[PDB]
>>> print(open('protein.txt').read())   # compact mmCIF, N, CA, C and O atoms and all ligand atoms
# COMPACT_ATOMS: atom_id res chain seq x y z
N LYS A 1 21.92 2.17 4.99
CA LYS A 1 20.73 1.39 4.59
C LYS A 1 20.20 1.85 3.23
O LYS A 1 20.23 3.04 2.91
N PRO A 2 19.70 0.90 2.41
CA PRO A 2 19.16 1.21 1.08
C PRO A 2 18.17 2.37 1.11
O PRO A 2 17.85 2.90 2.17
N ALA A 3 17.68 2.75 -0.07
CA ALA A 3 16.72 3.85 -0.18
C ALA A 3 16.11 3.91 -1.57
O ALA A 3 16.51 4.73 -2.40
N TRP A 4 15.15 3.03 -1.83
CA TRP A 4 14.48 2.98 -3.13
C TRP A 4 13.01 3.37 -3.00
O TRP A 4 12.40 3.85 -3.96
N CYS A 5 12.44 3.14 -1.82
CA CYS A 5 11.03 3.46 -1.58
C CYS A 5 10.78 4.96 -1.73
O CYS A 5 10.37 5.43 -2.80
N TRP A 6 11.03 5.71 -0.66
CA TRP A 6 10.83 7.16 -0.69
C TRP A 6 11.50 7.77 -1.91
O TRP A 6 11.02 8.76 -2.47
N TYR A 7 12.62 7.18 -2.33
CA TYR A 7 13.34 7.67 -3.50
C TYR A 7 12.42 7.69 -4.71
O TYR A 7 12.35 8.69 -5.43
N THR A 8 11.71 6.59 -4.91
CA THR A 8 10.77 6.47 -6.01
C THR A 8 9.73 7.59 -5.94
O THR A 8 9.26 8.08 -6.96
N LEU A 9 9.39 7.98 -4.72
CA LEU A 9 8.40 9.04 -4.50
C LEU A 9 9.03 10.42 -4.67
O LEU A 9 8.41 11.32 -5.24
N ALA A 10 10.25 10.58 -4.18
CA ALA A 10 10.95 11.85 -4.28
C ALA A 10 10.92 12.40 -5.70
O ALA A 10 10.56 13.55 -5.93
N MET A 11 11.29 11.56 -6.66
CA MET A 11 11.31 11.96 -8.06
C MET A 11 9.89 12.24 -8.56
O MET A 11 9.70 13.01 -9.51
N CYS A 12 8.91 11.63 -7.92
CA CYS A 12 7.51 11.82 -8.29
C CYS A 12 7.13 13.29 -8.21
O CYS A 12 6.85 13.93 -9.23
N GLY A 13 7.11 13.83 -6.99
CA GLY A 13 6.75 15.22 -6.80
C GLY A 13 5.40 15.39 -6.15
O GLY A 13 5.29 15.92 -5.04
N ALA A 14 4.35 14.94 -6.84
CA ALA A 14 2.99 15.05 -6.32
C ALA A 14 2.00 14.36 -7.25
O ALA A 14 0.93 14.90 -7.54
N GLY A 15 2.35 13.16 -7.71
CA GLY A 15 1.48 12.42 -8.60
C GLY A 15 0.66 11.38 -7.87
O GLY A 15 1.05 10.89 -6.82
N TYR A 16 -0.50 11.04 -8.44
CA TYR A 16 -1.38 10.05 -7.84
C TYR A 16 -1.71 8.92 -8.82
O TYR A 16 -2.66 8.17 -8.61
N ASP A 17 -0.92 8.81 -9.88
CA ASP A 17 -1.14 7.77 -10.89
C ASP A 17 -0.16 7.93 -12.04
O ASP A 17 -0.42 8.65 -13.00
N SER A 18 0.98 7.24 -11.95
CA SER A 18 2.00 7.30 -12.99
C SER A 18 2.49 5.91 -13.36
O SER A 18 2.07 5.35 -14.38
N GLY A 19 3.37 5.35 -12.54
CA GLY A 19 3.90 4.03 -12.81
C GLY A 19 4.69 3.46 -11.64
O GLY A 19 4.20 2.59 -10.92
N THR A 20 5.91 3.95 -11.46
CA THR A 20 6.77 3.48 -10.38
C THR A 20 6.17 3.81 -9.02
O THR A 20 6.00 2.94 -8.17
N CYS A 21 5.86 5.09 -8.81
CA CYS A 21 5.28 5.54 -7.55
C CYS A 21 4.06 4.72 -7.17
O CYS A 21 4.07 3.99 -6.18
N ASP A 22 2.99 4.85 -7.95
CA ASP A 22 1.75 4.13 -7.69
C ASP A 22 2.00 2.66 -7.36
O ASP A 22 1.22 2.03 -6.65
N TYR A 23 3.10 2.12 -7.89
CA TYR A 23 3.45 0.73 -7.64
C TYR A 23 4.35 0.58 -6.42
O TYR A 23 3.93 0.06 -5.39
N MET A 24 5.58 1.05 -6.54
CA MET A 24 6.54 0.97 -5.46
C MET A 24 5.98 1.59 -4.18
O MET A 24 6.12 1.02 -3.10
N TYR A 25 5.36 2.75 -4.32
CA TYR A 25 4.77 3.44 -3.17
C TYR A 25 3.77 2.54 -2.46
O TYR A 25 3.97 2.16 -1.31
N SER A 26 2.69 2.21 -3.16
CA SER A 26 1.65 1.36 -2.60
C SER A 26 2.24 0.13 -1.91
O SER A 26 1.96 -0.14 -0.75
N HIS A 27 3.08 -0.61 -2.65
CA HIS A 27 3.71 -1.80 -2.11
C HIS A 27 4.56 -1.46 -0.88
O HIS A 27 4.63 -2.23 0.07
N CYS A 28 5.20 -0.29 -0.92
CA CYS A 28 6.04 0.15 0.18
C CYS A 28 5.28 0.07 1.50
O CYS A 28 5.87 -0.20 2.55
N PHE A 29 3.98 0.30 1.44
CA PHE A 29 3.13 0.26 2.63
C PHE A 29 2.23 -0.97 2.61
O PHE A 29 2.42 -1.91 3.39
N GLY A 30 1.26 -0.95 1.71
CA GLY A 30 0.34 -2.07 1.59
C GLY A 30 -0.50 -2.26 2.84
O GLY A 30 -0.15 -1.78 3.91
N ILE A 31 -1.62 -2.97 2.69
CA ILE A 31 -2.51 -3.23 3.82
C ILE A 31 -3.14 -4.61 3.72
O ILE A 31 -4.36 -4.75 3.62
N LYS A 32 -2.30 -5.65 3.74
CA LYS A 32 -2.76 -7.03 3.66
C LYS A 32 -3.83 -7.19 2.58
O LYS A 32 -4.88 -7.79 2.82
N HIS A 33 -3.56 -6.66 1.39
CA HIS A 33 -4.50 -6.75 0.28
C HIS A 33 -3.80 -7.26 -0.98
O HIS A 33 -4.18 -6.91 -2.09
N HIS A 34 -2.78 -8.09 -0.79
CA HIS A 34 -2.03 -8.65 -1.91
C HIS A 34 -2.65 -9.97 -2.38
O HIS A 34 -3.28 -10.68 -1.60
N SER A 35 -2.45 -10.29 -3.65
CA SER A 35 -2.99 -11.52 -4.22
C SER A 35 -2.56 -12.73 -3.40
O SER A 35 -1.46 -13.26 -3.59
N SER A 36 -3.43 -13.16 -2.49
CA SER A 36 -3.14 -14.32 -1.65
C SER A 36 -4.37 -14.74 -0.87
O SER A 36 -4.88 -15.85 -1.04
N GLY A 37 -4.86 -13.85 0.00
CA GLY A 37 -6.03 -14.16 0.79
C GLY A 37 -6.18 -13.23 1.98
O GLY A 37 -5.21 -12.62 2.42
N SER A 38 -7.40 -13.12 2.50
CA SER A 38 -7.67 -12.26 3.64
C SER A 38 -6.97 -12.78 4.90
O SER A 38 -6.22 -13.75 4.84
N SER A 39 -7.23 -12.13 6.02
CA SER A 39 -6.63 -12.53 7.29
C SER A 39 -7.30 -13.78 7.84
O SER A 39 -6.66 -14.82 8.01
N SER A 40 -8.60 -13.68 8.12
CA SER A 40 -9.35 -14.80 8.65
C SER A 40 -10.85 -14.63 8.38
O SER A 40 -11.63 -14.41 9.29
N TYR A 41 -11.22 -14.75 7.11
CA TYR A 41 -12.62 -14.61 6.71
C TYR A 41 -13.23 -15.98 6.41
O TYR A 41 -12.57 -16.86 5.87
N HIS A 42 -14.51 -16.14 6.75
CA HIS A 42 -15.21 -17.40 6.52
C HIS A 42 -14.42 -18.57 7.09
O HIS A 42 -13.67 -19.23 6.38
N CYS A 43 -14.61 -18.82 8.39
CA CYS A 43 -13.92 -19.91 9.06
C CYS A 43 -14.30 -21.26 8.45
O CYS A 43 -13.63 -22.27 8.67
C1 LIG A 101 4.19 10.42 -12.79
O1 LIG A 101 3.49 11.65 -12.29
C2 LIG A 101 3.03 12.53 -13.42
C3 LIG A 101 2.11 11.71 -14.30
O2 LIG A 101 1.11 12.52 -14.90
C4 LIG A 101 4.23 13.10 -14.18
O3 LIG A 101 4.46 14.44 -13.78
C5 LIG A 101 5.48 12.26 -13.90
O4 LIG A 101 6.45 12.54 -14.89
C6 LIG A 101 5.15 10.77 -13.93
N1 LIG A 101 6.37 10.00 -13.79
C7 LIG A 101 7.12 10.12 -12.70
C8 LIG A 101 8.38 9.28 -12.62
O5 LIG A 101 6.82 10.87 -11.77
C1 LIG A 102 -13.95 -20.92 13.19
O1 LIG A 102 -12.74 -20.28 13.80
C2 LIG A 102 -13.00 -19.83 15.21
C3 LIG A 102 -11.73 -19.18 15.72
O2 LIG A 102 -11.68 -17.81 15.34
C4 LIG A 102 -13.44 -21.01 16.07
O3 LIG A 102 -13.75 -20.56 17.38
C5 LIG A 102 -14.67 -21.68 15.46
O4 LIG A 102 -15.01 -22.82 16.24
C6 LIG A 102 -14.39 -22.12 14.03
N1 LIG A 102 -15.58 -22.72 13.46
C7 LIG A 102 -16.70 -22.01 13.34
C8 LIG A 102 -17.90 -22.71 12.73
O5 LIG A 102 -16.78 -20.84 13.69
>>> encode(input="protein.txt", output="structure tokens")
Amino acid sequence: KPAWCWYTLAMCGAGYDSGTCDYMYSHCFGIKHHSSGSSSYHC
């Protein structure tokens, strides 16, 4: 199986704001907060 997520972090080391990590990392998880819309707000 592929391996680009954690990989992007592995090379990081311990950063909290660089480029690939902050991007790939965040996206790797995410919390329904992408440019689109909430779950079910304002019926
Ligand atoms: C991101 O983390 C810090 C940025 O200050 C640095 O050590 C590192 O080189 C940057 N880039 C990557 C790929 O980690
Ligand atoms: C809004 O959606 C809910 C379902 O979660 C529904 O019960 C309700 O009738 C809809 N309209 C209003 C005014 O809440």
>>> atom_distance(input="protein.txt", atom1="atom CA of residue A:16", atom2="atom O1 of ligand LIG 101 (chain A)")
6.8 Å
>>> residues_near_ligand(input="protein.txt", ligand="ligand LIG 101 (chain A)", cutoff="7 Å", atoms="all atoms listed in the file", output="PyMOL selection string")
chain A and resi 8-9+11-21
>>> closest_atom_pairs(input="protein.txt", of="chain A", to="ligand LIG 102 (chain A)", cutoff="8 Å", atoms="only N, CA, C and O atoms and all ligand atoms", output="JSON lines")
{"residue": "A:40", "atom": "O", "partner": "A:LIG102", "partner_atom": "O2", "distance": 6.9}
{"residue": "A:42", "atom": "C", "partner": "A:LIG102", "partner_atom": "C1", "distance": 6.6}
{"residue": "A:43", "atom": "CA", "partner": "A:LIG102", "partner_atom": "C1", "distance": 4.3}
>>> write_last_selection(input="protein.txt", atoms="N, CA, C and O atoms", output="compact mmCIF listing (two decimals), in the frame of the given file")
# COMPACT_ATOMS: atom_id res chain seq x y z
N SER A 40 -8.60 -13.68 8.12
CA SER A 40 -9.35 -14.80 8.65
C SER A 40 -10.85 -14.63 8.38
O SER A 40 -11.63 -14.41 9.29
N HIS A 42 -14.51 -16.14 6.75
CA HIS A 42 -15.21 -17.40 6.52
C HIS A 42 -14.42 -18.57 7.09
O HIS A 42 -13.67 -19.23 6.38
N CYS A 43 -14.61 -18.82 8.39
CA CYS A 43 -13.92 -19.91 9.06
C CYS A 43 -14.30 -21.26 8.45
O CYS A 43 -13.63 -22.27 8.67
>>> axis_aligned_box(input="protein.txt", around="stretch 3-9 of chain A", padding_each_side="6 Å", output="lines of an AutoDock Vina configuration file")
center_x = 13.0
center_y = 7.0
center_z = -3.5
size_x = 21.3
size_y = 20.6
size_z = 18.9
>>> select_by_dssp(input="protein.txt", residues="chain A", states="helix (DSSP H, G or I)", output="list in words")
residues 5, 6, 7, 8, 9, 10, 20, 21, 22, 23, 24, 25, 26, 27, 28 and 29 of chain A
>>> atom_distance(input="protein.txt", atom1="atom CA of residue A:34", atom2="atom CA of residue A:6")
20.4 Å
>>> atom_distance(input="protein.txt", atom1="atom O of residue A:37", atom2="atom O of residue A:22")
18.4 Å
